[PDB]
There are 2 protein chains.
Amino acid sequence: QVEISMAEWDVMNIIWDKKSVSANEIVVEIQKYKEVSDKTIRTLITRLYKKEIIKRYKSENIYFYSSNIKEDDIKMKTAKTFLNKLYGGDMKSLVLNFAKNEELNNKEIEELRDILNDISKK
Amino acid sequence: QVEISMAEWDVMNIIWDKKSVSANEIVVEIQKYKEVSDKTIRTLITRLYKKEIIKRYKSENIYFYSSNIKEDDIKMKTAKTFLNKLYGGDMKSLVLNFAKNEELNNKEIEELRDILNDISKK
């Protein structure tokens, strides 16, 4: 149980960044870097709140929201489902789809290669 | 922006495979491996239809659905979104998050290191 949609993820990225944050601030931020209207943001917040994925307290009559889920855990679960469905659960398939579409430049390919070498055992 | 949720992607996997398919047959295929109702699946099909990711014709009071989208293009768009939202646009972060969670074993890491080595120079 517990799933977070890609649209909800925009709200979660704001929340996980702050100790607590108002719905207005969430709305502002999503808009500072993307589309998404006030109405849809609020709907996202309410859904997440109703599912207890986030929590809130009220101070001087304002609601301030905080995460109620471990970011690392739901990320892994969500990514795993993603990889399974789109890439047969194969990391190489995703990475290759990216190279072939020029979504990884030469230096990014080398940096990534270096990283993988670093955590390799051979 | 055209987007397909993970729940909608299960439907697309069937429309992409069969090329032209009834709702009833979509329902039959998804319920083999998921515990969602036929009502939930019709909702996904209606949503995809509205977003014009799929198209339809009608025969004997049943609609028959086909793709109105290139799998590879939307797959890549969905993947970039996913990388952006969960991993800050950084493939190295996706890979390290999987490795730390043991979702990428030593063999897969070495192989990937080779693929990337090959793609690049040295």
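Residues numbered from 1 in each chain as written, not as in the entry; some residues may be left out. Chains lettered and ligands numbered in written order. Heavy atoms only, no water.

Method of structure determination, per the deposited record: X-ray crystallography was used for this entry, reaching 2.00 Å resolution.

1. Section: the relation of the copies chain B and chain A
It takes a turn of 178 degrees to lay chain B on chain A, together with a shift of 0.5 Å along the axis; the resulting RMSD is 1.4 Å. What the superposition gives is, in effect, a two-fold axis relating one chain to the other. For chain B, the minimum C-alpha distance to the rotation axis belongs to B:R113 and amounts to 1.7 Å. Take the interface residues of chain B: 95% of them recur as interface residues in chain A, which is what a same-surface contact looks like. (Least-squares fit on C-alpha atoms. Contact = heavy atoms within 4.5 Å.)

2. Focus on the domain arrangement of chain A
Residue and element names in this part refer to chain A. The domain boundaries assigned to chain A delineate domain 1 (5-68) and domain 2 (69-122). Computed over C-alpha atoms only, the centres of domain 1 and domain 2 are separated by 28 Å. With eight residues of domain 1 at the interface, the matching set in domain 2 holds five residues. Here domain 1 meets domain 2 over a buried area of about 510 Å², counting both sides, of which 72% is carbon and sulfur. The tally of links from domain 1 across to domain 2 stands at zero salt bridges. Taken together, domain 1 and domain 2 are joined by two residue pairs in polar contact. (Domains from an automatic or database assignment. Buried area = accessible area lost by both parts, 1.4 Å probe. Salt bridge = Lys/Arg side-chain N within 4 Å of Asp/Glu carboxyl O. Polar contact = N/O pair within 3.5 Å; in protein donor to acceptor, adjacent residues only side chain to side chain.)

3. Side note on the packing of aromatic side chains
Applying the stated criterion to the full structure yields nine aromatic pairs over all chains. Consider the rings of B:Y57 and B:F64, whose centres lie 5.0 Å apart with planes at 10 degrees: the pair is stacked. Classification of B:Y57 by relative accessible area gives partly exposed; the value is 44%. Taken together, the ring pairs in this structure connect A:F82, A:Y87, B:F82 and B:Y87 into an aromatic cluster. Lying across the ring of A:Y49, A:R56 places its NZ or CZ 4.1 Å from the centre. Directly above the ring of A:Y63 sits A:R56, whose terminal nitrogen or CZ lies 3.7 Å from the centroid. (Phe/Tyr/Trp six-rings, centres within 6.5 Å; stacked < 30°, edge-to-face > 60°. Buried < 20%, exposed > 50% of the residue type's maximum accessible area, 1.4 Å probe, protein only. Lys NZ or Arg CZ within 6 Å of the ring centre and 35° of its normal.)

4. Some points on the interface of chain B and chain A
Each partner contributes to the interface: chain B provides 41 residues, whereas chain A provides 42 residues. Taken over both partners, the interface formed by chain B and chain A buries close to 4,200 Å², and the fraction arising from carbon and sulfur atoms is 72%. For chain B, the biggest contributors to the area lost against chain A are B:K85, B:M91 and B:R113; these three give 16% of the whole. Linking B:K100 and A:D72 is a salt bridge whose minimum nitrogen-to-oxygen distance equals 2.8 Å. Across the contact surface, chain B and chain A share 13 residue pairs in polar contact. Listing elements by their share of the side of chain B that touches chain A, those giving two or more residues are helix 1 (6-18), helix 4 (71-87), helix 5 (91-100) and helix 6 (106-119) of chain B. Sorting elements by how many residues they give to the side of chain B that touches chain A places helix 4 of chain B first, with 11 residues. In terms of residue class, the side of chain B that touches chain A is built from 20 nonpolar, nine polar and 12 charged. (Helix = DSSP H or I, 4+ residues; strand = E, 2+ residues; numbered from the N terminus. Nonpolar A, V, L, I, M, F, W, Y, C, P; charged D, E, K, R; others polar.)

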